[PDB]
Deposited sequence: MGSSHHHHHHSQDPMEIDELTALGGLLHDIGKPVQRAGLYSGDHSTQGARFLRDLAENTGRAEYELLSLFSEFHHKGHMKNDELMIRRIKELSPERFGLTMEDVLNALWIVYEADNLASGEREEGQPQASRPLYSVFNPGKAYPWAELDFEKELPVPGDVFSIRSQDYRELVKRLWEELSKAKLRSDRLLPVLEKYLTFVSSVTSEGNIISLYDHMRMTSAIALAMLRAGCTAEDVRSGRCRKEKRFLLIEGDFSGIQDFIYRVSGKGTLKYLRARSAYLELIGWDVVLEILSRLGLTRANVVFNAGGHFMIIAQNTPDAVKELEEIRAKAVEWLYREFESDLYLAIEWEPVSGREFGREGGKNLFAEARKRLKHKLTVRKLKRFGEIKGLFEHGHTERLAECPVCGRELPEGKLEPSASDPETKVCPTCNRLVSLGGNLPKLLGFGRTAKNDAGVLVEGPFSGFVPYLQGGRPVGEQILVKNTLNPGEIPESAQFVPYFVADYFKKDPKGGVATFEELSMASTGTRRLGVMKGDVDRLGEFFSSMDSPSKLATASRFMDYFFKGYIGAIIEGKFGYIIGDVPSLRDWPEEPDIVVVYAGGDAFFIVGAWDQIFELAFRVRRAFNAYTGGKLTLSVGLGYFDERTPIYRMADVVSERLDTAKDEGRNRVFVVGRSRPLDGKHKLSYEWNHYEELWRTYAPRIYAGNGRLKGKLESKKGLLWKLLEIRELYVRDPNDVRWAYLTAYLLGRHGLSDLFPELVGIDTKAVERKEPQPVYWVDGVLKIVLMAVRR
């Protein structure tokens, strides 16, 4: 052990008492009882580091003596080293941020609460539901799986963080009403802030006087990529497109892990890393700002040489004090510090590649379905398949051994069989794809060929509404850490499940053209942060928009909303054009309000009264109303309409005369006519409300049914 590992593991295990008190294993307050749990665990297996680590959950007389009994020399530490570590972690607990049965209340909707479960993307969708007490039996089962895993883990934050995340994700950090903070998130942020305070040269006297709290000894480091949809879409195939997306994820991790390495920080110091956007809490030493300047410049110089002006990385950092991690006198200082950091990033994005003074004077990615992750090695190394700005990336396959100081491991919190010396880095990626008759990812052509009726490629781009404002309303680092993680995990964790046809009772009846296949004709280009780009059989993509919107409504408390752009294209349309159209349509969905979907391209009056988008509920109602009367399912019209298909086409012609001029009363004169009663009359509540006639809306259903039946 050295002071850095001790302060990092101490921050992590400070509040491990909470789960053991709540399970009624011992007697006493969470403080005393957490000390007992680790002391007891230390004696079992025989790892004395846990008895050292047990000191964190507890005049300074008794303390100095208890530390002295645990011989500090044994671990290569001083007595005065450990006192700092404890005092540092004590403040770190306060900065990061009562019945013993209260569950975790949802950051999305504090009125609703999570059933107790372990974080598992293959089990069931987290749904904030009715407030239920958690049984003192459930905590006991948690604590015993927890004890069994700490017993086998290497006592390195990269081996501790994962087991704390599995089991303490759906646990209230404090058992108050409307507590939003996951215990895991409070633990990782305390460790983050604690290790930062250490590196800031802060010491016990400083913590005692507040000359750490009331002084700018921290850095908020934000990194946003710029030129992404230029870097990913706007190529020259679906294979290559997934390779670019995967490449941008590795490039990002290479910068983040480089920063953590050089500042002497842990993965816990990563507040978030989603959609090419990362945030890190760090020390404010002259040494660290110099290390960041070197990193910022070497990363940009590499991006410029490798991809020209296409992809830029804007990196900024702001000096920040303990005060600013928390609310002070009704002012959210943390949001106020984030806002000032946001501003520096916007300025840096307007000084693109200004870190090069020389400014004003595709086979490796093709080769890029049996791998478990990548090793972060030297650039000059055998097996390196792709290179990032700082390091080479060797693919780690099931049959083979991993290679490098860091191993990036895909879609697990279990180190697997990697060497003890190698840093475990779990990364989640939404990588669902329809498997070909060959084991390879299907093509635009094969996806389009699998559609009901018309052969078109389905393309949907989705994006959460007003996320920025939601994150701005997070009081503390640990709160922000829960919001960002829960948000990212919906897209990275559960979209695969939603595609597989899970969460049927949660989702319910959605607009649909066919029975949901067991292996859907869907391929994810990207899903992370608060956004997705997905392609597939047009009719399956149409349905997946409604599935994903409802799963997200349930996953939030019905308190956050999506907007979606949908596109149905000839399979030969180049990617760049498909991306730009679904982007224009997503943007439109947001201009016209949010919580709406661009279902299909539509004619309309340009009188500023007629939106192209639909409100999700308005389209879902329209579909329930009209679809069953005209559509039998699985590519088939109703029998009554087999000879009367033209009636559907005549309505779309009637609707065009409403679009020619929605004031002229000819579409009335024109209108079994008991098939569409809501469209015959001249709706008057609409005329007064200054809103469109029901006839305006019907195309959204009819055009989709006609594509299905052709």
What ranges of the deposited sequence, counted from 1, have no C-alpha atoms in this structure? 1 to 14, 73 to 80, 120 to 126, 266 to 268, 394 to 429, 437 to 440, 744 to 751, 791
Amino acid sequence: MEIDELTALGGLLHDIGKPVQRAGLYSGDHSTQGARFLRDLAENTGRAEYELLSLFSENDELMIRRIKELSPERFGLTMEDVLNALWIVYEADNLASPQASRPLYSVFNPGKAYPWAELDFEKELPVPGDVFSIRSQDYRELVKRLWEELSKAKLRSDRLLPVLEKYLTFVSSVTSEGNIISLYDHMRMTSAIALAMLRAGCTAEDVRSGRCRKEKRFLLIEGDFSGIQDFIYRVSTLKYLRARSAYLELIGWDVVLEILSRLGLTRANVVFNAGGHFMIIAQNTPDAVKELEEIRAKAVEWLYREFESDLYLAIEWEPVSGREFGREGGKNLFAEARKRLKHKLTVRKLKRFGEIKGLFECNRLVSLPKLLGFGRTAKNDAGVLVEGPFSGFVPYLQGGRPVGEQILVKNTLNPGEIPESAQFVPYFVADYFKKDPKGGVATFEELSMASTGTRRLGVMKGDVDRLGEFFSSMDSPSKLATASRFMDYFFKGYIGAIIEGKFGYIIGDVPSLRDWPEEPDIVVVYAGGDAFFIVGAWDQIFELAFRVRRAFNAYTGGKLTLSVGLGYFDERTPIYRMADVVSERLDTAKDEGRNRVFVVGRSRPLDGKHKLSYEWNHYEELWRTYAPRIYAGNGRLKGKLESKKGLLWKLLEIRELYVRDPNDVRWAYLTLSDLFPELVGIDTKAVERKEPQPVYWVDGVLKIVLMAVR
From here on, numbers count along this sequence of modelled residues.
Determine, for stretches 184 to 192 and 80 to 88, which one has the higher mean CA B-factor as deposited. 80 to 88
State which stretch shows the higher mean Cα B factor in the entry: 683 to 691 or 5 to 13. 683 to 691
Considering only 577, 609, 636, 485, which residue's Cα atom bears the greatest B-factor as recorded? 609
Can you tell me which of 360, 555, 516, 503 has the maximum CA B-factor listed in the PDB entry? 360
Taking the chain's C-alpha temperature factors as the reference, tell me which third residue 619 falls into: lowest, middle or highest. lowest
Hey, what third does residue 550 fall into on Cα B-factor, ranked over its chain? lowest
Give the position of residue 458 by CA B-factor within its chain, expressed as the lowest, middle or highest third. lowest
Comparing residue 521 with the other modelled residues of its chain, is its CA B-factor in the lowest, middle or highest third? lowest
Please place residue 222 in the lowest, middle or highest third of its chain by C-alpha B factor as given in the entry. middle
